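Enquirer: My questions will all concern the structure given below.
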Amino acid sequence: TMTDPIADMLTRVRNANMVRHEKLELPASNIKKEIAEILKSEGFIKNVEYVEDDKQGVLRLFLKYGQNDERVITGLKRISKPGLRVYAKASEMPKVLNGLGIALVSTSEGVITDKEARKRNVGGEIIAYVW
Amino acid sequence: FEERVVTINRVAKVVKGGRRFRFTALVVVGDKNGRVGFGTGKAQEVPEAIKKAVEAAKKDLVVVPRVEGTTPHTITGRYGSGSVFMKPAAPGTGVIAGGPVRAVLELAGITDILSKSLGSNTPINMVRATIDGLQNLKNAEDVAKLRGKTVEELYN
Amino acid sequence: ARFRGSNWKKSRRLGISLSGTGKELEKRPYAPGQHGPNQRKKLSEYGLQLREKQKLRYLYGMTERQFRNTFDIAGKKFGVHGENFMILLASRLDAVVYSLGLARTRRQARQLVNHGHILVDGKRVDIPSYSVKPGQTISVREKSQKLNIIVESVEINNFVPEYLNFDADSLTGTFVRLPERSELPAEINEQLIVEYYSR
Amino acid sequence: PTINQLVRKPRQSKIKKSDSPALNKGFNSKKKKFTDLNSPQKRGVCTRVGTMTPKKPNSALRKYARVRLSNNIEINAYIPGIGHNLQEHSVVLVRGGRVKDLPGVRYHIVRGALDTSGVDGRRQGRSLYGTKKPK
Amino acid sequence: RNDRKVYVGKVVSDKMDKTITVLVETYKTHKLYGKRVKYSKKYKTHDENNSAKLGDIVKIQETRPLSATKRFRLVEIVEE
RNA sequence: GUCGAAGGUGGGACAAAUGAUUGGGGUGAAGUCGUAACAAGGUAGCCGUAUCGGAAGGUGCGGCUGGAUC
RNA sequence: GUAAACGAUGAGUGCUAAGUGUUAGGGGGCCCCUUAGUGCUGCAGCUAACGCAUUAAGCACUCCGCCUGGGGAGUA
RNA sequence: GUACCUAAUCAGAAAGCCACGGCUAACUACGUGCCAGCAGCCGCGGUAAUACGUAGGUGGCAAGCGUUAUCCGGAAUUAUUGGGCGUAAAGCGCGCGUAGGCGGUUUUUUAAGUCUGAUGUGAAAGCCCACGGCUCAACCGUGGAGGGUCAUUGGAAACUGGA
RNA sequence: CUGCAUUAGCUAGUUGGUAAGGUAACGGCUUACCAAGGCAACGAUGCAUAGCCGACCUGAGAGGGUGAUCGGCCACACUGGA
Ligand SMILES: [Mg+2]
Ligand SMILES: [Mg+2]
Ligand SMILES: [Mg+2]
Ligand SMILES: [Mg+2]
Ligand SMILES: [Mg+2]
Ligand SMILES: [Mg+2]
Ligand SMILES: [Mg+2]
Ligand SMILES: [Mg+2]
Ligand SMILES: [Mg+2]
Ligand SMILES: [Mg+2]
Ligand SMILES: [Mg+2]
Ligand SMILES: [Mg+2]
């Protein structure tokens with residue numbers, strides 16, 4: 001059965017991005033909305049919409065394709081997994097693509113990027129790398 | 001463009017009479033200023049094979065992003081079973097790479113890099129893997145443009 | 001010195017004048033020995049790296065062990081490794097004495113230091129490998145002030161690098177500051193030497 | 001493998017065998033037991049000295065001696081150089097190194113050590129063949 | 001006063017007299033893989049009144065050796 | 001007097017060496033016998049099993065294509 | 001208690017162009033839509049290549065079994 | 001009467017070892033002729049051997065240079081970092097299931113994991129960094145820095161766990 | 001903080017209790033008495049090997065290998081017992 005909803009989200013994004021789909025819809029969760037909001041904030045995705053469904057909600061993500069159809073998201077990777085959870089200290093926070101990419105971190109200060117985590121000096125679980 | 005002959009191979013086709021031999025050359029071409037190319041040429045004689053390879057390499061030239069004589073970010077170029085990891089290095093590190101990779105990186109005008117061939121050691125596939133890695137290299141300006149941010153905003 | 005062989009043969013092999021004048025390369029600019037005159041096949045990448053390392057080593061007349069130790073300590077410093085290695089080589093009492101012009105040859109300068117003619121900060125230093133730091137004064141021993149070799153070398157107004165400051169009247173030099181790559185020999189490609197020691 | 005499989009059953013490295021087993025054993029006479037000690041060379045006594053035919057495609061008569069070592073292991077040791085003084089009952093120093101042509105020979109006799117004489121008239125690579133400087 | 005170590009576990013044996021065996025569960029991270037693995041230790045504990053029973057969560061504190069194998073005492077019964 | 005080292009006696013356990021003889025394996029003459037496989041290899045081959053035969057192998061039963069011209 | 005016990009392809013879940021046939025249904029106007037099977041063809045992607053391709057050998061997460069040169073040997 | 005210092009005399013007493021087909025920097029001659037021999041591997045040698053032996057030349061090192069033994073590396077060839085299982089080695093013939101591993105969405109709470117501090121401790125020596133002393137260096141000394149899966153205690157609470 | 005399951009069962013002062021003796025001292029430490037416990041696939045028991053550590057060698061790292069000299073701790077003093 002479904003074991004990693006976050007990983008599913010990132011794969012759906014990866015798959016839709018490969019085929020250059022404009023939008024994708026996925027089942028919603030609070031964590032997945034937060035991840036989506038960072039991606040829009042960092043300019044990886046155009047827009048995030050939430051639709052109430054009387055179940056768990058639906059997230060609609062609109063993907064960004066640059067001029068010449070160049071993809072703004074090149075790759076996404078799940079770091080912490082149900083099989084093996086990965087945590088880092090603020091000092092040890094990883095840089096993705098030498099700052100060209102981002103790391104999404106779950107911290108006691110909320111789900112945030114690696115830059116904010118180093119700034120706030122708060123470490124946590126490394127959810128994923130997006131570049 | 002500077003030209004370096006990576007490998008020369010005597011190849012054979014079997015006919016009724018026996019084996020007929022030709023020479024294949026793999027050549028890297030570069031301006032040593034962010035443009036590099038690779039080509040293969042086959043001929044009965046090595047000079048003619050080299051010449052054809054040079055002409056092929058000039059036809060396909062790839063633009064390489066460079067940050068002060070190094071690459072912008074770490075990358076693993078993969079082609080077939082060929083895999084080449086390339087990590088940016090500080091000045092004075094030198095080119096730490098083996099065989100075909102060295103030729104491609106030097107002719108692209110990269111003077112400082114950390115590299116390891118993780119896959120096949122077959123010369124052509126190593127070169128193609130290296131070129132793949134360089135092609136997937138990205139610069140902050142382009143990433144900023146694509147993500148609709150300033151370079152400063154990219155690094156926070 | 002330590003290596004006491006044909007400096008010409010070593011110059012001719014390495015395609016660089018170790019004396020810095022070109023006298024070795026004037027007549028026979030090709031490798032020594034039977035096969036010297038004949039065409040030389042292209043050097044491998046290893047061959048080029050080794051050549052460049054040997055060029056620098058024989059230029060400063062050092063043994064391999066000491067050369068490699070110097071390369072290591074240079075690497076431990078801050079900045080570009082190759083440049084740091086070269087400035088550190090130039091900072092040797094040997095090199096300083098030669099560049100001040102107390103001797104006409106590097107081997108001569110080495111014998112001068114090794115035979116105890118040289119003073120550093122007024123005191124006798126006899127180790128050619130001694131690492132002169134900025135601010136130190138190199139002098140001649142009071143007894144050796146009138147040596148024919150020294151006086152004749154000083155009379156020949158050899159160009160003195162900017163990082164040094166020599167007074168020929170007193171036979172006293174000063175290591176003013178660290179050299180710059182510009183001031184160091186231009187025939188050496190230190191990057192090849194770094195690569196050599198990488199593998 | 002999965003992480004849970006790796007925790008339950010760890011990754012296992014392949015153990016390696018010495019090419020020179022006889023040099024890596026000693027013998028205690030009093031306890032009458034073999035001792036595990038790594039030795040660079042071993043002394044031995046030549047049981048037999050003879051010639052052997054190399055594996056094809058090579059062709060020669062190769063000089064060798066069967067040597068009973070101090071640890072009491074019997075081995076075949078190659079005799080290097082041109083010419084030898086060795087006979088049965090000679091005392092020799094044996095080092096590691098196999099001869100690829102000769103199937104059973106996994107060791108070499110050290111020239112110019114103990115009874116073994118140096119190669120006569122060797123003037124290049126003398127240290128290898130136990131010959132003193134000619135001068 | 002310095003404090004003696006206190007552990008919480010489930011009683012897994014009550015057969016012995018004035019004694020209970022308490023299983024304390026802790027996690028040991030694998031040195032290489034980094035996954036935490038469940039580990040259990042049975043602690044022999046003094047229960048004077050034979051109060052505790054198999055299957056009740058209990059709190060135990062370290063003591064002087066009370067027996068050949070018993071080093072802990074029952075502070076309280078957390079759950080039953 | 002208790003305990004008690006060493007010693008003695010007994011039936012077991014384990015390990016190593018050796019043993020008439022015997023078994024398969026490996027290597028090595030251009031030895032002897034046949035030709036089983038690779039082509040439709042001249043009865044497609046192979047797998048499990050059973051049985052038979054100097055030897056490779058043969059045959060039965062079921063299975064696979066990693067076979068099948070016209 | 002073993003078979004080339006084979007799709008020589010562990011199980012679960014989600015996601016990712018199409019076209020066409022067929023089995024058992026469902027829904028709406030012969031046509032269209034839809035569910036679960038079963039075939040063929042074919043993108044993207046993958047692959048050493050052959051090929052695979054919503055019946056993945058693509059992209060992912062969970063758990064299990066298994067591999068680490070050939071022979072000796074599936075022998076002692 | 002050692003170190004050190006001074007004076008006098010003298011290039012006089014003070015260079016060897018391995019390698020040079022490829023990897024791998026450095027080739028020719030002669031002798032030998034699948035012999036004698038070489039060899040880490042690919043191999044070399046059966047009459048014009050840069051592979052044997054010697055000589056000349058060269059290369060690499062140097063009071064050393066080679067060989068053997070052993071360990072780590074290269075070896076992503078046990079792969080957490082960092083590999084695989086259609087045909088290359090590798091999916092149990094297939095179910096039913098136990099332990100274990102893992103698990104959908106929201107809220108509240110807790111704080112074991114997680115994160116962030118403080119305190120104690122993790123000897124000295126060593127490694128590392130800096131400085132100082134030995135003519136230099138090795139070496140010696142001094143001060144930092146680092147090293148726990150550590151304990152105790154104060155916070156944070158997204159995620160994992162518990163309720 | 002170690003290998004081996006082609007080592008799967010192990011233990012009867014053994015596990016616990018009571019009382020007494022004994023020890024600097026707690027305690028099956030020992031002895032009577034009472035009960036049947038205790039340990040083990042989270043590897044008991046057996047077998048093999050080994051002083052342990054600060055460190056040391058290697059590796060980009062993660063790791064791998066090792067435990068001379070010096071310092072700490074332990075054990076031993078012809079063998080065994082007192
Ligand atoms: Mg036949
Ligand atoms: Mg047939
Ligand atoms: Mg029959
Ligand atoms: Mg089977
Ligand atoms: Mg269908
Ligand atoms: Mg030789
Ligand atoms: Mg490894
Ligand atoms: Mg197979
Ligand atoms: Mg199956
Ligand atoms: Mg310390
Ligand atoms: Mg011992
Ligand atoms: Mg490594």
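Ordering of the structure tokens sets the chain letters (A, B, ...); residue numbers start at 1 within each chain; ligands are numbered from 1 in the order shown.
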For chain I against chain E, which residues fall within 6 Å using only C-alpha atoms (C1' of nucleotides), given as a ChimeraX atom specification?

Expert: /I:16-17,26-27,42

Enquirer: So that I have them on file, write out the residues from the current selection with N, CA and C atoms (P, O5', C5', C4', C3', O3' and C1' of nucleotides), as a PDB file, in the first residue's frame.

Expert:
```pdb
ATOM      1  P     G I  16      19.129 -15.204  41.901  1.00  0.00           P
ATOM      2  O5'   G I  16      17.730 -15.253  42.675  1.00  0.00           O
ATOM      3  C5'   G I  16      16.657 -14.381  42.241  1.00  0.00           C
ATOM      4  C4'   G I  16      15.379 -14.762  42.948  1.00  0.00           C
ATOM      5  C3'   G I  16      15.402 -14.732  44.480  1.00  0.00           C
ATOM      6  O3'   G I  16      15.288 -13.423  45.024  1.00  0.00           O
ATOM      7  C1'   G I  16      14.389 -16.721  43.762  1.00  0.00           C
ATOM      8  P     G I  17      15.891 -13.080  46.474  1.00  0.00           P
ATOM      9  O5'   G I  17      14.929 -13.934  47.424  1.00  0.00           O
ATOM     10  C5'   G I  17      13.537 -13.547  47.530  1.00  0.00           C
ATOM     11  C4'   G I  17      12.818 -14.503  48.448  1.00  0.00           C
ATOM     12  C3'   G I  17      13.345 -14.595  49.883  1.00  0.00           C
ATOM     13  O3'   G I  17      12.843 -13.541  50.695  1.00  0.00           O
ATOM     14  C1'   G I  17      12.974 -16.771  49.017  1.00  0.00           C
ATOM     15  P     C I  26      27.602  -6.285  54.499  1.00  0.00           P
ATOM     16  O5'   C I  26      26.843  -6.270  53.093  1.00  0.00           O
ATOM     17  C5'   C I  26      25.944  -5.176  52.789  1.00  0.00           C
ATOM     18  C4'   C I  26      25.470  -5.308  51.363  1.00  0.00           C
ATOM     19  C3'   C I  26      25.000  -6.704  50.937  1.00  0.00           C
ATOM     20  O3'   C I  26      23.645  -6.922  51.304  1.00  0.00           O
ATOM     21  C1'   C I  26      26.468  -5.805  49.296  1.00  0.00           C
ATOM     22  P     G I  27      23.151  -8.346  51.865  1.00  0.00           P
ATOM     23  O5'   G I  27      23.479  -9.300  50.624  1.00  0.00           O
ATOM     24  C5'   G I  27      22.669  -9.192  49.427  1.00  0.00           C
ATOM     25  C4'   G I  27      23.299  -9.994  48.314  1.00  0.00           C
ATOM     26  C3'   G I  27      23.582 -11.471  48.602  1.00  0.00           C
ATOM     27  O3'   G I  27      22.424 -12.289  48.522  1.00  0.00           O
ATOM     28  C1'   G I  27      25.465 -10.506  47.591  1.00  0.00           C
ATOM     29  P     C I  42      16.387 -12.391  17.018  1.00  0.00           P
ATOM     30  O5'   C I  42      17.189 -11.554  18.119  1.00  0.00           O
ATOM     31  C5'   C I  42      18.579 -11.224  17.867  1.00  0.00           C
ATOM     32  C4'   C I  42      19.130 -10.418  19.019  1.00  0.00           C
ATOM     33  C3'   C I  42      19.205 -11.144  20.373  1.00  0.00           C
ATOM     34  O3'   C I  42      20.398 -10.816  21.075  1.00  0.00           O
ATOM     35  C1'   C I  42      17.908  -9.192  20.596  1.00  0.00           C
TER      36        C I  42
END
```

Enquirer: Given a cut-off of 12 Å, which residues of chain D touch chain F, counting only C-alpha atoms (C1' of nucleotides), written out as a VMD selection string?

Expert: chain D and resid 32 to 34 53 to 56 103 to 104

Enquirer: What residues of the protein or nucleic acid chains come within 9 Å of ligand 4 when you use only C-alpha atoms (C1' of nucleotides) and all ligand atoms? Reply as a list in words.

Expert: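 Those residues are residues 2, 3 and 5 of chain G; 92 and 93 of chain H.
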
Enquirer: Could the residues of chain H within 10 Å of chain E, counting only C-alpha atoms (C1' of nucleotides), be given as a ChimeraX atom specification, please?

Expert: /H:80-81,100-101,112-113,149

Enquirer: Could you tell me, counting only C-alpha atoms (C1' of nucleotides) and all ligand atoms, which protein and nucleic acid residues lie no more than 8 Å from ligand 7, written as a list in words?

Expert: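 Final answer, ordered by chain and number: residues 75, 76 and 77 of chain H; 63 and 64 of chain I.
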
Enquirer: I'd like the contact shell of range 52-54 of chain E - 8 Å cut-off, only C-alpha atoms (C1' of nucleotides), skipping same-chain residues fewer than 5 positions apart - returned as a list in words.

Expert: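 With the cut-off at 8 Å, the set is residues 10, 11, 12, 13, 14, 20, 47 and 77 of chain E.
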
Enquirer: Could the residues in this selection be written to a file with N, CA and C atoms, as a PDB file, in the first residue's frame?

Expert:
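What follows is the written file result.pdb:
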```pdb
ATOM      1  N   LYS E  10       7.700  -3.347  31.397  1.00  0.00           N
ATOM      2  CA  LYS E  10       6.579  -4.249  31.621  1.00  0.00           C
ATOM      3  C   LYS E  10       7.076  -5.501  32.339  1.00  0.00           C
ATOM      4  N   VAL E  11       6.320  -5.953  33.348  1.00  0.00           N
ATOM      5  CA  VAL E  11       6.655  -7.168  34.073  1.00  0.00           C
ATOM      6  C   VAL E  11       6.384  -8.355  33.151  1.00  0.00           C
ATOM      7  N   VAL E  12       7.407  -9.195  32.951  1.00  0.00           N
ATOM      8  CA  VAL E  12       7.333 -10.321  32.029  1.00  0.00           C
ATOM      9  C   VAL E  12       7.386 -11.641  32.800  1.00  0.00           C
ATOM     10  N   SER E  13       7.801 -11.591  34.072  1.00  0.00           N
ATOM     11  CA  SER E  13       7.802 -12.766  34.930  1.00  0.00           C
ATOM     12  C   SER E  13       7.508 -12.359  36.372  1.00  0.00           C
ATOM     13  N   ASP E  14       6.603 -13.099  37.026  1.00  0.00           N
ATOM     14  CA  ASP E  14       6.289 -12.884  38.433  1.00  0.00           C
ATOM     15  C   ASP E  14       6.389 -14.199  39.207  1.00  0.00           C
ATOM     16  N   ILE E  20      10.281  -9.666  40.577  1.00  0.00           N
ATOM     17  CA  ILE E  20       9.646  -9.510  39.277  1.00  0.00           C
ATOM     18  C   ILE E  20      10.747  -9.256  38.250  1.00  0.00           C
ATOM     19  N   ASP E  47      10.333  -7.125  44.598  1.00  0.00           N
ATOM     20  CA  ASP E  47       8.944  -6.793  44.882  1.00  0.00           C
ATOM     21  C   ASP E  47       8.529  -7.481  46.180  1.00  0.00           C
ATOM     22  N   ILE E  77       3.797   1.020  40.491  1.00  0.00           N
ATOM     23  CA  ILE E  77       3.156   0.377  39.350  1.00  0.00           C
ATOM     24  C   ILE E  77       2.445   1.456  38.532  1.00  0.00           C
TER      25      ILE E  77
END
```

Enquirer: Show me, as a PDB file with N, CA, C and O atoms (P, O5', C5', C4', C3', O3' and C1' of nucleotides), in the first residue's frame, every residue of chain G with an atom at most 10 Å from chain D, counting only C-alpha atoms (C1' of nucleotides).

Expert:
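Result file follows (iface-v7.pdb):
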```pdb
ATOM      1  P     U G  62      11.634   3.358   1.479  1.00  0.00           P
ATOM      2  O5'   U G  62      10.499   2.275   1.791  1.00  0.00           O
ATOM      3  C5'   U G  62       9.574   2.514   2.884  1.00  0.00           C
ATOM      4  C4'   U G  62       8.733   1.281   3.106  1.00  0.00           C
ATOM      5  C3'   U G  62       9.496  -0.041   3.229  1.00  0.00           C
ATOM      6  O3'   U G  62      10.032  -0.204   4.535  1.00  0.00           O
ATOM      7  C1'   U G  62       7.642  -0.321   1.787  1.00  0.00           C
ATOM      8  P     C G  63      11.436  -0.949   4.774  1.00  0.00           P
ATOM      9  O5'   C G  63      11.011  -2.474   4.550  1.00  0.00           O
ATOM     10  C5'   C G  63      10.098  -3.088   5.490  1.00  0.00           C
ATOM     11  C4'   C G  63       9.636  -4.417   4.947  1.00  0.00           C
ATOM     12  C3'   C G  63      10.724  -5.385   4.471  1.00  0.00           C
ATOM     13  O3'   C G  63      11.409  -6.023   5.538  1.00  0.00           O
ATOM     14  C1'   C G  63       8.952  -5.358   2.925  1.00  0.00           C
ATOM     15  P     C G  64      12.887  -6.619   5.324  1.00  0.00           P
ATOM     16  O5'   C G  64      12.594  -7.950   4.490  1.00  0.00           O
ATOM     17  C5'   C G  64      11.799  -8.996   5.095  1.00  0.00           C
ATOM     18  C4'   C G  64      11.445 -10.018   4.044  1.00  0.00           C
ATOM     19  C3'   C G  64      12.617 -10.742   3.372  1.00  0.00           C
ATOM     20  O3'   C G  64      13.159 -11.776   4.180  1.00  0.00           O
ATOM     21  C1'   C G  64      11.018 -10.114   1.747  1.00  0.00           C
ATOM     22  P     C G  66      18.017 -15.780   1.153  1.00  0.00           P
ATOM     23  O5'   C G  66      18.550 -15.480  -0.325  1.00  0.00           O
ATOM     24  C5'   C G  66      18.417 -16.499  -1.347  1.00  0.00           C
ATOM     25  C4'   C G  66      18.822 -15.923  -2.681  1.00  0.00           C
ATOM     26  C3'   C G  66      20.266 -15.422  -2.799  1.00  0.00           C
ATOM     27  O3'   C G  66      21.199 -16.476  -2.986  1.00  0.00           O
ATOM     28  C1'   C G  66      18.793 -13.847  -3.764  1.00  0.00           C
ATOM     29  P     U G  68      27.537 -15.854  -5.346  1.00  0.00           P
ATOM     30  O5'   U G  68      28.578 -14.669  -5.603  1.00  0.00           O
ATOM     31  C5'   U G  68      29.078 -14.450  -6.947  1.00  0.00           C
ATOM     32  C4'   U G  68      29.740 -13.096  -7.010  1.00  0.00           C
ATOM     33  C3'   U G  68      30.983 -12.924  -6.118  1.00  0.00           C
ATOM     34  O3'   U G  68      32.144 -12.642  -6.888  1.00  0.00           O
ATOM     35  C1'   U G  68      29.506 -11.055  -5.930  1.00  0.00           C
TER      36        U G  68
END
```

Enquirer: So how many Å separate CA of residue 107 in chain A and CA of residue 128 in chain A, to one decimal?

Expert: 13.1 Å

Enquirer: Give the helix (DSSP H, G or I) residues of chain D, as DSSP finds them on the backbone, and put them as a list in words.

Expert: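 Residues meeting the helix (DSSP H, G or I) criterion: residues 3, 4, 5, 6, 7, 8, 21, 22, 23, 24, 126, 127, 128 and 129 of chain D.
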
Enquirer: Compile the residues of chain G that lie within 8 Å of chain A, evaluated using only C-alpha atoms (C1' of nucleotides), and express the compilation as a list in words.

Expert: residues 12, 13, 14, 15, 16, 44, 59, 60, 61 and 62 of chain G

Enquirer: Keeping only N, CA, C and O atoms (P, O5', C5', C4', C3', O3' and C1' of nucleotides), write the selected residues to a file as a PDB file, in the first residue's frame.

Expert:
```
ATOM      1  P     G G  12       0.741  -8.062  -6.095  1.00  0.00           P
ATOM      2  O5'   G G  12       0.843  -6.860  -5.045  1.00  0.00           O
ATOM      3  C5'   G G  12       0.195  -7.010  -3.760  1.00  0.00           C
ATOM      4  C4'   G G  12       0.344  -5.734  -2.970  1.00  0.00           C
ATOM      5  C3'   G G  12       0.012  -4.433  -3.703  1.00  0.00           C
ATOM      6  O3'   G G  12      -1.388  -4.238  -3.844  1.00  0.00           O
ATOM      7  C1'   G G  12       1.972  -4.159  -2.416  1.00  0.00           C
ATOM      8  P     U G  13      -1.992  -3.465  -5.118  1.00  0.00           P
ATOM      9  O5'   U G  13      -1.516  -1.968  -4.820  1.00  0.00           O
ATOM     10  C5'   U G  13      -2.008  -1.298  -3.632  1.00  0.00           C
ATOM     11  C4'   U G  13      -1.321   0.039  -3.497  1.00  0.00           C
ATOM     12  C3'   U G  13      -1.334   0.935  -4.740  1.00  0.00           C
ATOM     13  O3'   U G  13      -2.584   1.595  -4.893  1.00  0.00           O
ATOM     14  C1'   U G  13       0.830   0.915  -3.795  1.00  0.00           C
ATOM     15  P     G G  14      -3.187   1.916  -6.350  1.00  0.00           P
ATOM     16  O5'   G G  14      -2.370   3.236  -6.732  1.00  0.00           O
ATOM     17  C5'   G G  14      -2.567   4.431  -5.935  1.00  0.00           C
ATOM     18  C4'   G G  14      -1.505   5.444  -6.279  1.00  0.00           C
ATOM     19  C3'   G G  14      -1.426   5.892  -7.743  1.00  0.00           C
ATOM     20  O3'   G G  14      -2.395   6.882  -8.066  1.00  0.00           O
ATOM     21  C1'   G G  14       0.751   5.467  -6.892  1.00  0.00           C
ATOM     22  P     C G  15      -2.773   7.217  -9.594  1.00  0.00           P
ATOM     23  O5'   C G  15      -1.390   7.746 -10.200  1.00  0.00           O
ATOM     24  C5'   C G  15      -0.917   9.068  -9.841  1.00  0.00           C
ATOM     25  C4'   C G  15       0.404   9.331 -10.520  1.00  0.00           C
ATOM     26  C3'   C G  15       0.405   9.256 -12.052  1.00  0.00           C
ATOM     27  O3'   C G  15      -0.033  10.477 -12.634  1.00  0.00           O
ATOM     28  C1'   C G  15       2.280   8.080 -11.170  1.00  0.00           C
ATOM     29  P     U G  16      -0.680  10.522 -14.105  1.00  0.00           P
ATOM     30  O5'   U G  16       0.558  10.147 -15.048  1.00  0.00           O
ATOM     31  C5'   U G  16       1.490  11.187 -15.445  1.00  0.00           C
ATOM     32  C4'   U G  16       2.553  10.593 -16.339  1.00  0.00           C
ATOM     33  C3'   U G  16       2.076   9.962 -17.654  1.00  0.00           C
ATOM     34  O3'   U G  16       1.906  10.911 -18.700  1.00  0.00           O
ATOM     35  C1'   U G  16       3.649   8.536 -16.587  1.00  0.00           C
ATOM     36  P     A G  44      10.585   8.866 -28.076  1.00  0.00           P
ATOM     37  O5'   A G  44      10.308   9.317 -26.566  1.00  0.00           O
ATOM     38  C5'   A G  44       9.715  10.618 -26.321  1.00  0.00           C
ATOM     39  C4'   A G  44       9.428  10.768 -24.847  1.00  0.00           C
ATOM     40  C3'   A G  44      10.542  10.338 -23.888  1.00  0.00           C
ATOM     41  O3'   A G  44      11.505  11.367 -23.697  1.00  0.00           O
ATOM     42  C1'   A G  44       8.460   9.444 -23.169  1.00  0.00           C
ATOM     43  P     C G  59      13.776   4.747 -14.404  1.00  0.00           P
ATOM     44  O5'   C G  59      12.674   5.698 -13.749  1.00  0.00           O
ATOM     45  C5'   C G  59      12.544   7.060 -14.220  1.00  0.00           C
ATOM     46  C4'   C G  59      11.493   7.752 -13.390  1.00  0.00           C
ATOM     47  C3'   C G  59      11.636   7.587 -11.873  1.00  0.00           C
ATOM     48  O3'   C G  59      12.563   8.524 -11.343  1.00  0.00           O
ATOM     49  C1'   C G  59       9.372   7.238 -12.541  1.00  0.00           C
ATOM     50  P     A G  60      13.372   8.215  -9.988  1.00  0.00           P
ATOM     51  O5'   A G  60      12.153   8.153  -8.956  1.00  0.00           O
ATOM     52  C5'   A G  60      12.231   7.253  -7.823  1.00  0.00           C
ATOM     53  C4'   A G  60      10.969   7.386  -7.007  1.00  0.00           C
ATOM     54  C3'   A G  60      10.887   6.537  -5.735  1.00  0.00           C
ATOM     55  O3'   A G  60      11.500   7.197  -4.632  1.00  0.00           O
ATOM     56  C1'   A G  60       8.873   6.331  -6.990  1.00  0.00           C
ATOM     57  P     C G  61      12.534   6.443  -3.656  1.00  0.00           P
ATOM     58  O5'   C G  61      11.544   5.787  -2.587  1.00  0.00           O
ATOM     59  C5'   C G  61      10.909   6.640  -1.603  1.00  0.00           C
ATOM     60  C4'   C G  61       9.782   5.885  -0.944  1.00  0.00           C
ATOM     61  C3'   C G  61      10.127   4.512  -0.354  1.00  0.00           C
ATOM     62  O3'   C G  61      10.778   4.593   0.906  1.00  0.00           O
ATOM     63  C1'   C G  61       8.114   4.370  -1.572  1.00  0.00           C
ATOM     64  P     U G  62      11.634   3.358   1.479  1.00  0.00           P
ATOM     65  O5'   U G  62      10.499   2.275   1.791  1.00  0.00           O
ATOM     66  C5'   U G  62       9.574   2.514   2.884  1.00  0.00           C
ATOM     67  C4'   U G  62       8.733   1.281   3.106  1.00  0.00           C
ATOM     68  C3'   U G  62       9.496  -0.041   3.229  1.00  0.00           C
ATOM     69  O3'   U G  62      10.032  -0.204   4.535  1.00  0.00           O
ATOM     70  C1'   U G  62       7.642  -0.321   1.787  1.00  0.00           C
TER      71        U G  62
END
```

Enquirer: Please run DSSP on the backbone and report, as a VMD selection string, all residues within chain A that come out as strand (DSSP E).

Expert: chain A and resid 23 to 27 45 to 51 58 to 63 76 to 78 87 to 88 102 to 107 110 to 113 124 to 130

Enquirer: As a list in words, please: the residues near range 77-79 of chain C (cut-off 12 Å, only C-alpha atoms (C1' of nucleotides), same-chain neighbours under 2 positions excluded).

Expert: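 Those residues are residues 90, 91, 92 and 93 of chain B; 70, 71, 72, 73, 74, 75, 81, 82, 83, 84, 85, 87 and 88 of chain C; 129 of chain H.
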